[PDB]
Amino acid sequence: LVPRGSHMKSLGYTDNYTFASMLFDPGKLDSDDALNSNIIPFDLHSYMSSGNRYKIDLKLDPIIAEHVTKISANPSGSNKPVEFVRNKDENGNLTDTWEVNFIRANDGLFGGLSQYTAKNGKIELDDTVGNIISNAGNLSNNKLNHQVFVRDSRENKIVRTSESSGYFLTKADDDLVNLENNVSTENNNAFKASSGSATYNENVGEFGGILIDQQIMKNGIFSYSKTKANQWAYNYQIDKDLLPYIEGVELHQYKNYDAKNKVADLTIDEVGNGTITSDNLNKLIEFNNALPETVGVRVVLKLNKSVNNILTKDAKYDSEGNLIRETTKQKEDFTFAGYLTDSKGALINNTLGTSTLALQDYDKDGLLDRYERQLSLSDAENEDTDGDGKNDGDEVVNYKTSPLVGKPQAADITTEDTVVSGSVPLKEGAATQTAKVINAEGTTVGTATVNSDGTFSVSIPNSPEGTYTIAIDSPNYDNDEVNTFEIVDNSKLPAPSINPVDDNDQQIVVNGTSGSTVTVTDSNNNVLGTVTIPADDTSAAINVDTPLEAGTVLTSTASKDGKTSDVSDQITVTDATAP
Ligand SMILES: [Ca+2]
Ligand SMILES: [Ca+2]
Ligand SMILES: [Ca+2]
Ligand SMILES: [Ca+2]
Ligand SMILES: [Ca+2]
């Protein structure tokens, strides 16, 4: 079982334009009959143009997933079921996603753009649906969500164009249930099924946007043409909780966003509902008249502020303006619906599509999972990716520093030294950094490019004694990561420093004044190595036979001209594959 209080990692996206959107078409959960069954039936529809690389993934609401004993469906053109297998994550924890091969010839669901339907789908449960969903909250506000997509099993990513979502209809969805129960006679066999997808697009407007794309698959070659008086209407429902974040709502003709595709401004009422019609609906919706191609409809929600502000609603901040992580939401689902009606308000058969936007802040740092993956490149499952003690959102928003660049470190030097040597933690997405040595009055006295491993060697003049700043400058952030170090009287012997060492490193890099000899010992004072720092540098290398075990603690002292320095700050060897 999936235990209480567990959360699922979201998946990144990959592109593969050969996969059309999949459409999960379940039975409704809105009757005593349906509620007294232990089966939720479904069909699965898709369009396809070899191998087991690409999988079909079905992800079910936890209320449902907790009770699932078996999921199966007949491949297209067959009457023999194939069974879905419950996925496990990057370790051995169960997810709420069930998986089956895509291609029927590879024991999958589709095949022998063509249209295929896998029929007789059955979600089998260990109790009745009614007993299961009677242990839920307000199903008007928290829906029973579903999502379907093709997963690239080589990359563990979602094929962007395959994704579809929605929610099961219950008695709580009374307006949509009444629509399903009052189907129009007009073009009653035109459409086979409909589903939606809701995504975030940073390129919409100035704050990004939400795209709500509905697909309506055809049974044949439907052609829309009505008199002015018999024109249909398009109807849409926008989750009321998004309304504080929406600047405008637009209809686009319809995967990339392009403002040139705008065909109307849309209005919504106080609960997020709207309707649009026309003297010729062909001007607003591309019905692909007399072609078999799926009808697409796009609704665009232009945000009025960063998408990262939604789950942080009601968030509190400390004295220094940093997010109190306990005050933000870790996830939030928003639901949407769209459908066509005839001129009397009756539902055009099979044109009702729902969708779910599943926003997540897995690590409660204020940056949505998908924002971290697509924009900042910070880790979506670590609230402090670089380890510097400033959390990712705070860094992007408050400090305006890179969340991929930790705190620089530089050993003290003397007035006779000509190089400031040190290092800084750089995380996998970090840009190319520039290190600067700046005196107390704000004058830059040296600059260099930080190497990819974080080390740097900044050339400086023989410089006046005092407190200096080592600043690490990213091109993507306004502010540098800073630390201070000392340039001391040249009769002094400052403590050296040790660069970070992991259990894959055969060498220990040390920094210290030129001509001093630096000796490194572990917690048991075993001399692991000694090196004299050369005449025109302030860093040197120690070589060891075998790398050090993760957890061993390192210190160092330097000696020169009869002086012995204080001990360096300790350095702990880390695991070479821990981020
Ligand atoms: Ca739910
Ligand atoms: Ca986050
Ligand atoms: Ca993070
Ligand atoms: Ca940080
Ligand atoms: Ca940082």
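All values below come from the heavy atoms of this structure, side chains included, with hydrogens, waters and symmetry mates left out. Numbering of residues begins at 1 and proceeds along the displayed sequence.
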Does the side chain of [X] come under 3.5 Å of the side chain of [Y] through a donor N or O and an acceptor N or O?
X	Y	value
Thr517	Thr532	yes
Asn499	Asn511	yes
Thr385	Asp392	yes
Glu395	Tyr477	no
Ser165	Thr356	no
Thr312	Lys329	no
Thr455	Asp453	yes
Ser10	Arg373	yes
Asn322	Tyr399	yes
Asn201	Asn203	yes
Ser164	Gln147	no
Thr434	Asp473	no
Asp61	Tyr167	no

Validation row, ring centre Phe336 to ring centre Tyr236 under 6.0 Å: no
Carboxylate-amine/guanidinium proximity below 4.0 Å for [X] and [Y]:
X	Y	result
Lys331	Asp333	yes
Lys55	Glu99	no
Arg325	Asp365	no
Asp89	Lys9	no
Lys255	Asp213	yes
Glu247	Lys302	no
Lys305	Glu206	no

How many angstroms lie between [atom1] in [X] and [atom2] in [Y], if you round to the nearest 0.5 Å?
X	Y	atom1	atom2	value
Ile210	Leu359	CD1	CG	6.0 Å
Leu357	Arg370	CG	CZ	5.0 Å
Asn156	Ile158	CG	CD1	9.0 Å

